[PDB]
Structure formats: structure tokens, C-alpha cells
Amino acid sequence: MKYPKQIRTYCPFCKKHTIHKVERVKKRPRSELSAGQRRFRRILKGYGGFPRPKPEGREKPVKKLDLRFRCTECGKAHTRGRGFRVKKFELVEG
Amino acid sequence: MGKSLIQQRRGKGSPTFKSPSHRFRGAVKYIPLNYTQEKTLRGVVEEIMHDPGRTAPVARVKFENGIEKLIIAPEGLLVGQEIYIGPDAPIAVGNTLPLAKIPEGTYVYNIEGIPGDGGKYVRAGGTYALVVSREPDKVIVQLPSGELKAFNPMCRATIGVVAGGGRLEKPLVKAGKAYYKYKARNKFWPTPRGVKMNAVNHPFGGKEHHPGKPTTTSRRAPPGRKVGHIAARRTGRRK
RNA sequence: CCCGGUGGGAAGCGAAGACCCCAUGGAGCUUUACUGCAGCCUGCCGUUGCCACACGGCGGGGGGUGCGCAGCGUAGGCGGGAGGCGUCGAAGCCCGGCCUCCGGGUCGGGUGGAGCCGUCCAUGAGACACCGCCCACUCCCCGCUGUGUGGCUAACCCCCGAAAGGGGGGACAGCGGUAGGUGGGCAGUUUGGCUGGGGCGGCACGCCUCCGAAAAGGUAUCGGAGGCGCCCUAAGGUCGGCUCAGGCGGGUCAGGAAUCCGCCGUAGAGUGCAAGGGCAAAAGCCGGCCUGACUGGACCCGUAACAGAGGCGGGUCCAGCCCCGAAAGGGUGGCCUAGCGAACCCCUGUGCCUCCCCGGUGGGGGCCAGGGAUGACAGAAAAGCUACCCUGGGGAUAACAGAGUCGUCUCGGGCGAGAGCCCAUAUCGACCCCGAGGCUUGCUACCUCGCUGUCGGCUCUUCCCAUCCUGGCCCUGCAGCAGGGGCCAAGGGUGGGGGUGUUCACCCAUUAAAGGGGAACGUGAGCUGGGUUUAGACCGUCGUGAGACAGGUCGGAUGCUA
RNA sequence: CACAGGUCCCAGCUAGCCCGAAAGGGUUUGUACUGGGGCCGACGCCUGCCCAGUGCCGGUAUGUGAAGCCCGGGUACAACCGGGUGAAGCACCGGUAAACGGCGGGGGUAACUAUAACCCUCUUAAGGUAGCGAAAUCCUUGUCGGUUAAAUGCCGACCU
RNA sequence: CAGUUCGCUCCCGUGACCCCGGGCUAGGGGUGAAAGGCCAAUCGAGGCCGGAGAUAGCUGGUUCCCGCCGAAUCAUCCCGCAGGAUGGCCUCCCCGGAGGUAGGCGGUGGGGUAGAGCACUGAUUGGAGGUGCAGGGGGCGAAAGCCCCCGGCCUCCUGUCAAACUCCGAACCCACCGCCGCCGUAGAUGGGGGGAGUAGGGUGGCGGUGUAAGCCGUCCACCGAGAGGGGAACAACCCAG
RNA sequence: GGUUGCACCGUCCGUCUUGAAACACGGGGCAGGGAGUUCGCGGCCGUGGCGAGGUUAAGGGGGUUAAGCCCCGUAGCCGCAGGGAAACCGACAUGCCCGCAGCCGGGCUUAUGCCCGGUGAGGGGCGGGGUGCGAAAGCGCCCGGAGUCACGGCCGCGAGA
RNA sequence: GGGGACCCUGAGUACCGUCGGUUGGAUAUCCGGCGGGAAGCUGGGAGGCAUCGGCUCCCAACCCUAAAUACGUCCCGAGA
RNA sequence: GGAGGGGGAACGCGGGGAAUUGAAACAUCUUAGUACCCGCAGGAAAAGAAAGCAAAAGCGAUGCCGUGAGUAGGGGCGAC
RNA sequence: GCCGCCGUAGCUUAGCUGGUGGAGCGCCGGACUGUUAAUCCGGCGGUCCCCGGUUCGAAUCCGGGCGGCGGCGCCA
RNA sequence: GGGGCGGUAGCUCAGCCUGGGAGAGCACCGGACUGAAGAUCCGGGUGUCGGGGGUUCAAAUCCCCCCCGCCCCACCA
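One line per chain: the protein sequences are Bj and BB, in this order. Each residue of the first sequence is one higher than the one before, starting from 1 at the first, in the entry's author numbering. Each residue of the second sequence is one higher than the one before, starting from 1 at the first, in the entry's author numbering.
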């Protein structure tokens, strides 16, 4: 839901308390670059096997939570279990 | 899926779909090895015969260099008419000369499309091409379809009209008489419809009378699926 | 024992049932199923040449052009910088070329012939003092390179000719190679499972609650009620204070609300959300502070009782880092029980290993964790038709007949409200209640799917009575003649025609009366073969289409020597 | 079923369509009175209306649209990342039903009882027209009439 | 007679007719006046050979004897329910080594089914007496009036009974201990290893659904896989192993 | 022993099946033919050699008529140390306690046998150890020498199986 | 044997880029096709990604090759 | 003047190239470069004197057998 | 018997996140008109079908009910 | 997810690149105009103009993050 932009929580790295900053994950592109790109070979004339992959989903009435928590002081993030399901995630302002 | 269709058989050159060539009569040649310029050449109508597969009458002509070849017969020809070939041929009916040498606004047939290839245009019963305009650059001739094609001025053609007009004026009468004509020519018949042909036989139409998918077909459609109204721009007779 | 006859039985012989279901069977066919593949369109490269033109992009120089608004006025930007300019020839008159917002600046001719500017200030930002580089549109000679159009002819191609040579067209096209698009023309396949057989429909296919559930535990059905596939960063955490729905009496109002005071008040309130369970000096209410819904690594339980079982959840420790509270002490998220997601892949984040003699760099692999889907929910990537079917099987399962059953069906009994002129019961009989049969329908799946041949009809024969006539009787609202109603009784009788494929039923005229039901819904190794449900065809409806229909309709074989 | 007749469609022959792995080939000793493909199915009278949806066709500024090349970035090179350039194709516009197909519902009202020539309303492009009709229409043996003594028939009629 | 025939009857019988010989077109191909017809007793894709001993969760069959023990037809998971795997269960071998606890009594615990009822959650039947009140009918109604009046909303003694109610609550099942019994040092109880088998039926009890028979649970003697004796016979009743 | 009368009892066989004498399926009769097989690999079992090692395969010498066996070859496999993905590191030929068998002691019954105390290999339970994860802790796996080869068979999988 | 440029030293090849086929071949197989395309031993390739340096090895694009190894037509010998 | 064609028991070398099946479905994968088809040679073929190998150390043609090893490696990273 | 969908001013129809309510038509009162029609101003009624529930409040969102509309009523 | 376009006064949008307190027509209220009605003119206002934040004195379009619709692609272990 609405979540505070900053919230005081445990930093693994500093191993001591500091104020952490919340962002939001984001999709990179593919394309060199992967086992899946290495999968582009497979698909000669005829079918791929895997490279034929799904036919359509989708997309699960919720979302799950996808966050980054950054220590202010060192600047280094740590990830937590998500699966804390949220429709929407809003950050507020201070 | 289904068998090759009625049209796909045709293309093989298999014998049900092979024209007879042994009951059929000569083709038109004008012969350009004695050229148009420096002419030498007159001939005499040796006989007139009916050609079966043209569905038109055709002339045997006896040339005076000693070669015998057919020329597609003009209307109002006599046996013992003299036909001339060249530009210094008289300007009259049945005489053959280049388009430039032929007046504008006179009816003409048996027009060349490449000089000296013997007639590849207007060689059907009673129909005729009109010379609408002539310029030394190109001579434009108006075809049986109403449609204007530009030809080289040094094409040959014969003055007059083809004989054997009224051809579709008279009807074919019955299925018997018609059967008789198709043997004389080549045209796969009796020809039934796809609509009560089984799904295997034909792309449209099932067991009973009704069409499958639309009759109207693409211009990029496959072989063996290009049946119906082919690439129809319009259809019907209404707004 | 034998002969002859007719075929009643031998669920007689000919069949591993075409009907139906099931099988991760097959095949044909269809399509806007899935995925591929010819053909066609189309860009690019090679084939592939010459002139011009116009034109896109660089690349070098250049060259006019800059109304925020005050305003001396058209301040385009910063910075060096208030002085640069002026015989290193100025105003200010007279025109010429000029773009343009005709706002007004720029500029070559010449008259001249010795000054002009801002500092000053206004202006959100100051100089048409000057010096640099720019950011505007824009235009152009030259150097490179694309693209479009036309001309040419030397490749190449279509015609003619034995050849020589010429004609039409031309870097188009054609061919080779590749890219994208279209593409059931062609090919491979799939199209689940649950199930009162199966299909529509529903899904009880994942999961939560009470019950069913038999007072430990387990525990099923398309088993009852009725939900979750999110919401919440406070609706958490800790701590202090605090007690409620509703009702009463006083208050305000039309009443009533919110608001007010007192009294009653063990839970009817509330606690996000089903249900159930938990709870009153609280887990509820209010307020403050705070962010443990933290990191690491275990035990144990559930999942999946006992009893193997993945993912997931939880209780319960201990270490580390904080929080709160005076402290004890608590916090492994929301009082509990729904809010569930794999291998592989990819992306994320941190720290660490590694990449073939060796070092360095790029770009990789890997260990760990988080996040992204499979709701057919322990995860295939996925539409239909088949009466043209085919196969493996099954009576583990439909149609038919039988059995069982008996809601329905038929018949019968009790009670007797009430009507029949008075009079329940001559007759008629509601409400309600109880039986018999197996003759209609339905339920069942016991038998049968290596075939017990469907109906109807015809023909032939037996049986049953709850009896239509006939005989013998009782009552009567039985005068007669004629009825109504009841008993005995199957010995005999119970027909002929018209429509319909019709068992039934409708009608006609007769008749004493023209009763009902059973026998593989009697009767196909007897006939008949019209109808039902093959393969041909048509119409209507439906469907994109194949194709379908217990919709209508014409036609559609009836084996065998006992 | 063919069928004569009718219509729609395509192609200027160096075609269109079709066959072929390819070379090449059928039509074709063929050239629009041809010859190829569908639809309908002699004659007689006719053939309404709709381009919304499907399909086909023509076109497409604009958006969009691959590989190639170009430019920018990256890499001592390369992978790679980004943008322009982006053809057919798509979005988009028009035509087109003798192309596939569609061609609706309620209410209220007339000397009198009936109905409604009449008038409202709305979907979704249009709203069943000439005809024919209880049909090679469920209910149903409609109803009436013919026909039969008697006809779930046939025939004629009405026709919702 | 015939793996498509016979007679009568019937259609055509100068033709889009019939016929002979030659010759052409071959299997997703031909050919079709188009029926999915025909292409050599074979056609909704011919035949031959090879792949090929295809593969089938599916039918059938699987052969000497004797001795000993002797089942399950359930559970979870599964494009899975006509099948697999893994447990329970059955059976075989080995290991360690002193207890094990089917039966009954007592002690200490667990419990909401029979039954029963008003004590809640709380459905409902019926009339008295309170007249505590929100309002649809009437009246002197001089008018929401002062005053009574009638559906009625809820106390009281009473009044019907309540899968998914409970003030209560058996018999009865079950955890542990002690005791006795029994069972074990000819080795139990427990552990490891090898081999299977995953259609049930059925009376009765208790059910759930369903008019019912039947379905589906559950425990159940028994049948399966168990004779013999008896119930006339009679899978599962009785007697009996 | 053959045959038959008499008493008593008995509705084939096989298979399907919950139930078959069956109106479920199969069979005229008889003769012959006819179905758990081979290789590789894994998991078991019995038995045998050798021994912290063990075994050869391929091979050529040799012998023989040929050939097996004999002796020779030791490549390779597994075992002898493990853990960790990898980098990379690297452990108990015994410290403690029960106790089966047996041995040792006492008591007891005529005897076998029994009851009770040491000692206790084998076995059972701790501690300390190696390594991985790891700031740490706590677990994961491992730790005080038995295997290898051989032969028969059971069973799995791939193969027509 | 050592003395100068050492002999020049194989082309559509090596290699690069685009599509397949195939293979175990992974970025790191091999072979084709399409487009581009070297070097003159003062040189080139190879050591399982690319590139640069060291280090070690070796000369493709010309050709042939006994023997040891396959078979069962034929002969002989052999048989749980 | 000299040659070619066609045959040949299997083997050999070079080309073309499936599917039933397996993955309990099936498309990549698998069957498998198998079946089948074309060209061709001999008595053996082919390969063959390194532009090799790569325990970096050590080797100096090539077949073949054992083994490496069911190892590395490929693959719905599933079956294989 | 199954599975969708309605009812809204006298009629017919828009509409709804739960805080609303209209249009055309009829009807009624004035006004043009000689009268009237047409035309022209002014209007109003809706528990938004019944009946539960949640909510602070339901016309709206769920339960149930009633009448009206389509689609299956079969291969067997 | 990538690319592009449009979301603005009650309504439909105009002003991207082409910058300011800023817009236009139509609904709607008022005034002209005709015997009548209508149409057609003249007034009136309804958005710093999609949210939130930044550069600008002043920005709808510029910038950083976006909601929603729309169209073309790519993509779903």
C-alpha cells in the first residue's frame, strides 16, 4: 500500500541501524546474453523445442511486492523476502 | 487435406487437358527473313479452310518465293485474290503492310508486337483493332477490349477485319452440339460446380448446396485456392 | 429305434456388436486451434554499366536573420570587459540593392567633413563600447555518400535467322542469397480430467469454516451453509490509561441525529473480510513511541494422522543487530484458522570462486537470495467434425428386452367434510390416510456389447381377471321399458371398415357385446419391412467452416440343407 | 448430377491461370466472337434493401514496420546497447452483396363487440420488398371447404 | 449356376450411343455428367517389398510335483483413476538383544454422540394478566390536544419443539501408569536388506443421500482365497476352521 | 484287475469375474509344435580365493594335433580419507561409559541348568576431531583399516525383452 | 660446412560477416552456400571465448602410400 | 591406335535421406545419419609422415583392439 | 428441470463508484386560433418489481421470491 | 516492456517542433431580428489550460516521475 519512503530497519552490511530508502525493481532487456540467447541457435528450420515457449499466460490477479532497501549511510541495498502480496505499492513523501 | 483441384490437373499437360495438334491447322507466319523493306513478295489464295481450334476460317497462301504458309483469312476474300506483303503492298483489304504505312482511322488486324514474329495479336473471328493515332515515335492501336497498347511502328498488320463474325450471335443449342464443339477444341467438360463437391474435392462447398468461405479470392492466394472470382475489384451490378 | 413334416427350444449356425462408453488408439475432413512448410508480395546484397537532373545526409570555409515586458530600443546566451570608435577618416543630408515582425537593421554610390557611445539608470537577466565561441531559420561554391526520375547501350533476357547478322526491351526484369509479411495450398499434431454412461450445464480440479462425522484420532459422495485468491506499514510491535452493544430517567428536536448527565448492563459490542474458535482491569477502545513484515542458522509440526510425500506455512531456540517499556519482559508481521506456486530460464542484489601454457582487459560460467508463470492450482506449449469411419476392449458403462424398484401408472381399502327434495353412505364425494399389482413412465446397472435381431402389422397358439356380453344374483332416488351402483363367474363370445408406420387414439355403420393385460413391450433359423437409427438427396434452423438435428422429407438387402 | 440459357471475375500474349526439385512445361498450330475460374441452372415474369461484420479490391500524408546500411555509444577488436533511415504488412480512407451473409422488437388507438388502416419507442448496417405460405407450422388430426358412409391423408383456401 | 446370377416386367436402341485394336495419364497422384465413386475378387488415399519381432496402460495364452507361510483390492501423488510410483499390508534373509503389552481392574487424564432441555446462539405455535412503547383504524373528537380505543413492539406465570443450539450429559472410544494376565533369552520387541500384489462383494450395526432399490462412508462376522454339517436347493444365515 | 448292479455324494474344464453349472468367453477328437530368453548396467543374496590391497583386459612369448589349463603382460578399475559447486582444506591404529557372547569368581539343584560380581572383542551411547556454511553460533556430510576379484541366482532398466 | 637479398614457398585459400546442415563440440565441431577478403618465411598457423604481451609447438591451401584391422563366395578342421 | 560402359557373396568409400517409436500426450529432442535410394573402387579400402598433440610435462605417420568412460560434454537441461 | 437477462414518472426507455434521477409519449392548467387541430409556454407523480442482508446510508452490491426474454431439453 | 499519438472550459477539441495573464465553435443564461417560429448575429462566464514535482519572471507543448485510452511491435520461467 502506501509505505513510508524512509523507514529505520536492519542493514546486514553495517550490521547496525540506519534509515533505509525504498525503491522499486524494473525489467532489463535481454539480448546478447544468456543461455537463452545461446538458445537462439537451436531454432533451425523446423521447431526449436524450448524456443517455442508458452503460448500465452497470464497475469495473476495481485502483484507481489518487489523492493530494494538501501542503507543511507553506506549506500548499499539489501533484498528481503517479498511474497508479501500487494495490489499496488505507493511511496509517500516526508 | 484434399486432392489437387480441376485447374491443377490442367497444368500438367496430361492428355485429357492436352489440345489435339494433328487435327489442327497452321499458324500465322509472315516471315521476316525476306524483310519488310526491299520487299519482293506477293502471293495467291491457294484455298480456304476452316481451322478447328481457332473457331474461325483460315487461308492457305502460296507465295511467289515458293513457300506455302497460312495467313488468318480476312472478310470478303476470293480464292485467287492476291495478297501482298511489304510496305509497297497496295493499301487495300487483305494486303499486309507496316502500321506507319497504314492510314489512321482504318480498321486493321493481325498486328505484330515485336517486328517479325508473325502475328501475335488480333487473330479471332470477326473482331478488329482500330488505328486511333499514329506518330513516327510509336503507333497506338486500340484493341478488342477497348484498351490502348503502344506498338512499334514497324510492326506488320493486315488491312480489314477477320472473317467468321456472328460467331457467338448464333447459340450452341444443346448439350450434344456443344459436346461436339469441345472435342473440336479442347475444354474440360462436362464441368460441374464445387458447391455440392465434397470438402476433399474443392475448397468451398460441402455436401449440400451452400458456399464455405467467400468466393472472392486474393492476388497473393495460394495455388489450388485461387478459385472463384479472382482478385475481384467489384462484383454485382448495384451500388 | 426308424421315417416323414414344421419349425417351439437348444438365449442353434454365420460376428471378437456398425449402436454406446473408455483408451493420454488410429484415420479422413475443417478452421480466425497450436506449430511448421510451398507460392505470392516486398526491402537488401551479388549479377550490375555510362550521362545527366533533382534531392537527403555528412564534412570545410562562409554568408543575411534574432519585436519577454519597461525601452533612449528588435537587450537571443554567457564571460574577458566601461571604454572602444573616429586623416587606422565620424555624424547628418540624397538614392541605389536588402531581408523582414512593413518591429526596424543591414548594406554598396555619393554630399560631407570631426564626432559618436555608456558609465548614468530603468529592465526578472545589459549594452546596437568592443572581443570570443555559440544556440535560431536559413541559403550557397566546393569534397564524400545515399536515395528518386529520365536518356544511353556493353552485361543479361524475349524474337527472327543453319550461320552471318538484326529486332524489342535494358541494368528494370530474369537468376543466386537473405530479411519481413501474407499463406490449411501442404504436413505434423492436439483439442484434458471430474461425471449416478456420456454431452450441454456445473467443477465440489487449489484452498478456508461449521456440519455430515458414529462424545479420542481417521473419515466419502455434482454431500448442507457459505467463503479466499486480497487488504493493512497501522488494521504491526510495545507501553499507559480505559470498558461495551442495548435499555431507563433528566436534556435538545416535529421526531430524530450528533452532542450531554446519571443508572442498569458478563459480552448481545468489537476484533478488515466466511464461518467457527479466542478474549473485558483485553487481543477491544484511546494516546504516545516505534518500525523484528530484521539477519543467520537450527529443532519440530503441518503439508501427507497412523505411514513414504515436493513446494509452501507455522510453533519453538540460540547467535547478531535494533525497538519499546521503569522493569520484568516482549517482538521469528496482522488473536487463530483462507489470501497457495516447482525443475529450467531470465532479471536483481551482495560478497565470493572460476573461464582450457600465462598475465591484463572485455564479455562469460557458478555458489546464494529476491522477483517475473504454469488458477486443469506436485507446473504439457494445444480448436472442431466424423451417419465415410476404422481399432483395441468393456456389460467395470448408455440404447433395447428381462430382473430389482414402484416416485408415476392401474386398481383397491379406511375416515367421512359436504351435495342428493327432506336424507353422508341410491348416487355423487373434498381434505387426509393405508394397501395390492406390475399394464405406463422414471430410477437402477444385476445380466448381455466373440450380434438373447427394433416397432408396428400379419399369421398361430396359451394364459390372467380387477368381467364388455352371455348365465345366476343384491341395492336403488328399482313403476314399465331403460339405467346407476355392487357380487358370483373365464365355459364361450368380444367383429368389419375409413385416416395414421402406429401399438394408443379419432370416426362410421353394425352388433348381445364390439372388455383390458401378460407370453424374448408373444410371434424376423414364419412372413411383411411401412416406420426407428447406415451409407444418396432436399428444405428449415444452427454453425466461419467442416458439419449437425429423436425437425420435416423421398429412397434405401431381410442369410442357414435340423 | 450434367445440361442449353443467364451473370460475376482475371489477363494485352515478354499476359493471366495452372504444372515442374530444376531445366522447363500445359493452355497454344490458342490471342479478348479468346481462354481461364466461379455462381446459377431450359423458357415466361422477375431479381427489393444493406459495405455494420467477413471477404476482395484500390490507395495511403501520418504512426507503426525487419534485416541491411548509417550515425552515436561500447569493445585496444568483437559481442552489445541506442536512434534515424523503416519496404510489403498493420492501423487509416473509399468502392464493392447475380462476394459470404443479414433483412427487428414492445406498448396505445376507429359509429359497437372485434381488429387496427393510425401513432408513439429503441437496437445494430439495413428492416422482408415482388412473391409464395399450416410448405419436401412445432403445438396439430389448426380451421373451413372439397373429397370418403366414415379419410391423423390429398387437394384448395385462410395464413399470425 | 453365379464371391453380384436367373426369368417376367421395364429404360435406351442414329445417338451427349455402343464396340475393337493401338496409345496416354499412377498413389495425397490420376480420373470423376462429382457418388468420396473408380484406378486388376484390395480405395474417405491401390498393391508389393522393406522399416518390422512398431507399439498398445489393451484381449487371449504362459506348460513338473511336493512342503511352509500366506495377502491387499486402501492411502497420497499423477493430462490421473481399465495405469504407474510410493507407503499400509504379505512374504523371505540377516542383525542387535530384554522386554513387548491384543485382554481385564484401578488410578490419573481426554471427549458433547445417545439421551435431555431452556441456559446461550436462537428459530418458531397459542391464548390470559402487565398496559412500559415506536403507529395502520375510531370517537367527546375545538383537533399531534386533555381521554379511551383496536394489527401491533417487548416483560410475566404459562404454550409447541428446534442436524449445522446447549445449563447438562451417558453407555462408549482413547492417552499413561501400576498390577495381574499373556508373551520372550529355542531371541521376542526393534533395525537393515530382497520379492510382490493399488476392479472388491457382502449381512448386520451406525449412518449420509435417495419415495425406494441403489450409491457413497464406517465397523463388522464372512465370501474373495475355506471344505464339511444344517437352512429344500441357494458366494457370503447357522454350526465348523 | 474288467465290467456292471446297488447305497451315498457330486450342476465340466479353463478363463473373465464381486459372483460362472450358466442363457459370459473358448474348445469336434487325437498327435506333434508351442511361450520367463541374451548382452550390458545397477541393486541384492549365497558361496570361494586373496588380502590393505585386489583383479588383470588388450597382447605376444610358450605348450598342444588343436586347444583349455599352466607361467609371463598390471594398461585400467575399484578399494585404501573425506568434504566442498569450485578455490581449496584435510580427521580418533582410542579419552569416557553400558553390555551380548564367552572367560573369570561365589552360591545353588542329582545333573543339565539357575541367581548374583568382575572382565568384556563384536555391538550400543558420549566426548574430542576433519570439512562446508559461517563475524559467531548452530547444523550438513565425514572420522579409531576392509575390500577387491570370482561363481550361481533373484530383481530393475535399455534393448523385440 | 659458413658468406650478402637466405630459397618466396601453393587464393578466392586463410580469415570475417550472413543462412543452414551436423556433431558431443559447449562463445570453444565439422562441412556447404551467400557476401567480403591476407601475407612474399623481414612470413603464417596452432596451444578448446575475444583482444594485446610473453612462452612452447608446427607449416594449410599440390600428390601417393605396404603392413597390422572388414567379409564369409570357398576349403578344411570344431561343437554343454 | 588405346579405352568406357555392365556384373560381383559381403565388406569399403562418397553422395540423398524417413517414419512407426521413445519422451507413457507431442512440435524441439529421440529413432538416426538408422531404414531405403544414387555414384564408384579393390582385394582390402580409407587414413597416413603434423599448419598434430598440450596431465606445459613429455611425443614425433596412420589404422585397429582394450581402455579412457557411460567420463567431459550436449539436451522441454526432460527423456536420452 | 437447467444456464443468461429484466422491471425506472400513466407507457416506453436512458442511468447508478451505493449519497443521484431523466428524456420522448400520455395527462393537466394557461396561450395562439373564430373554434380546433397542429403550435406554444407551466407542471407534476418514480418506496427506480417483492422481500431479506451489509452499510453510517442501497434505486445502485450481494440472498431469496414473482412475472416477462432468449438458449438445452439430446448421440441415447 | 519498447516506440509513437490523444487526453484541456459542461462538450468536442485548437495552440507539439511554432514559449507569456492566454484559446475556438457547440450546449447553457441574456440582448438583436421577423406577424409568427427557426436559423443568423451581439454579450456572459465555466481550464495558467490531465497529476505531481523541476528550469524560466512568466511554459499546455521543455525537464524528472507518471494515470488512462489508443495503435504497431516485442514477450510470458
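Note that the Cβ used here is the ideal one computed from N, Cα and C, for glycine as well.
From the DSSP output, in three-state form, read off BB/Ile114 for me.
coil
If contact is defined by three or more beta carbon pairs under 8 Å, each pair taking one atom from either stretch, is the stretch 43 to 53 of chain BB in contact with the stretch 69 to 83 of chain BB?
yes
Taking BB/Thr215 as the reference, give the member of BB/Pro222, BB/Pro223, BB/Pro203 with the closest Cα.
BB/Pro203
Could you check what DSSP says for BB/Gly76 in three-state terms: helix, strand or coil?
coil
Compute the Euclidean distance between the alpha carbons of BB/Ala163 and BB/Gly119, then round it to the nearest angstrom.
16 Å
Look up BB/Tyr84 in the DSSP assignment and give the residues it is bridged to.
BB/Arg42
Helix, strand or coil for Bj/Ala35, going by three-state DSSP, please let me know.
helix
With a threshold of 16 other CB atoms inside 10 Å of the CB of BB/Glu112, please say whether the residue is buried or exposed.
buried
Below 8 Å on the Cβ atoms is my contact criterion, and I expect BB/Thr36 with BB/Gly86 to pass it. Report the Cβ-Cβ distance as a whole number of Å.
6 Å
For Bj/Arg80 and Bj/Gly46, I'd like the C-alpha separation in whole angstroms.
Distance between the alpha carbons of Bj/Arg80 and Bj/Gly46: 43 Å.
Closest to Bj/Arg38 by C-alpha separation, out of Bj/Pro51, Bj/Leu65, Bj/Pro61, Bj/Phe69, would be which residue?
Bj/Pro51
What are the boundary residues of the beta strand (DSSP E) that BB/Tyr109 is part of?
107 to 109
Helix, strand or coil, according to DSSP, for BB/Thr16 in the structure here?
helix
Suppose you measure from the CA of BB/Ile140 to the CA of Bj/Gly48; what does that come to, to the nearest Å?
58 Å
Return the residue from the list BB/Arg225, BB/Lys177, BB/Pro32, BB/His209 that minimises the CA-CA distance to BB/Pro192.
It is BB/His209 whose Cα lies nearest to the Cα of BB/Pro192.
Taking buried to mean at least 16 other C-beta atoms within 10 Å of its own C-beta, is Bj/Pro4 buried or exposed?
Bj/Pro4 counts as exposed, since fewer than 16 other beta carbons sit within 10 angstroms of its beta carbon.
So, at 7 Å on beta carbons, what are the nonlocal neighbours of BB/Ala178 in its own chain, with the 5 sequence-adjacent residues on each side left out?
By the criterion of a C-beta distance shorter than 7 Å, BB/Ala178 is surrounded in its chain by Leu172, once the five residues flanking it on both sides are discounted.
Between the C-alpha atoms of residue 240 of chain BB and BB/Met154, what's the straight-line distance to the nearest angstrom?
Because chain BB in this structure spans residues 1 to 239, residue 240 of chain BB falls outside the shown range and cannot be described.
Does the ligand ZN have even one heavy atom less than 7 Å from the beta-carbon of BB/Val200?
By its list of ligands, the structure shown contains no ligand whatsoever, and the ligand ZN lies outside what it can speak to.
Would you call BB/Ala73 buried or exposed, if buried means 16 or more other Cβ atoms sit within 10 Å of its Cβ?
BB/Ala73 should be labelled buried.
For BB/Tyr182, does the three-state DSSP call read helix, strand or coil?
Three-state DSSP puts BB/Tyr182 in a helix.
For BB/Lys207, which of BB/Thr158, BB/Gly194, BB/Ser218 has the nearest alpha-carbon?
BB/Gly194
Taking the straight line between their C-alpha atoms, what separation do you get for BB/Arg185 and BB/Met49?
16 Å
Measuring CB atoms only, is the stretch 18 to 26 of chain BB touching the stretch 52 to 69 of chain BB, in the sense that at least three cross pairs come out at less than 8 Å?
yes
Considering only DSSP beta bridges, list what Bj/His20 is partnered with.
Bj/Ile7, Bj/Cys71
Tell me the residue span of the beta strand (DSSP E) that contains BB/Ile140.
139 to 142
If you follow the beta strand (DSSP E) that BB/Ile159 is part of, which residue opens it and which one closes it?
From DSSP, the beta strand (DSSP E) with BB/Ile159 extends over 156 to 159.
For Bj/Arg52, report the span of its beta strand (DSSP E) as first-last.
Neither: Bj/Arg52 is in no beta strand (DSSP E) and is coded neither H nor E.
For my contact list, Bj/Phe69 and Bj/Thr9 are in at a C-beta cut-off of 8 Å; report their separation, rounded to the angstrom.
7 Å
Identify the continuous alpha helix (DSSP H) that holds BB/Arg10 and give its terminal residues.
6 to 10
Going by DSSP in three states, BB/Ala59 sits in which element: helix, strand or coil?
Reduced to three states, the DSSP call for BB/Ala59 is strand.
Pick helix, strand or coil for Bj/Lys2, following the three-state DSSP scheme.
Note: Bj/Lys2 maps to strand in three-state DSSP.
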